[PDB]
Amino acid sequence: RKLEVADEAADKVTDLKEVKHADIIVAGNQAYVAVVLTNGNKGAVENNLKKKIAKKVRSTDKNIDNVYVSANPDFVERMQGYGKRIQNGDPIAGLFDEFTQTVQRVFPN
């Protein structure tokens, strides 16, 4: 139920030359990462770059085990919106159900 914007993690991800923008929300030991790639690819993130992104995220917080990464354009939009609402002080109760639906769609079983 605890959703946090991970600004330090997003900053470490954009130290990668391949990643232009990142929006990251952490729900417990799980990080959800929306990326805009330098090369404009909006398909599945290439597996080696996903691993490098995950290494950047885990470096900021010893509690993070699982890192989910997508460049899907709708996901990028949704995560930018969720990030703004959280940091502006909106109740997590107001958006937790929406967030859950988004990440269950983007990151299925």
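Don't overthink the numbering: it's just position in the shown sequence, from 1.
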Report the stretch with the higher mean CA temperature factor, choosing between 9-17 and 92-100 on the basis of the entry.
-> 92-100
Tertile call for residue 37 (CA temperature factor, within chain, third-based) is the lowest
Grab the CA temperature factor for residue 26 from the record and place it in the lowest, middle or highest third of its chain.
-> middle
C-alpha B factor of residue 52, ranked within the chain: lowest, middle or highest third?
-> middle
Relative C-alpha B-factor of residue 64, binned into the chain's lowest, middle or highest third = lowest
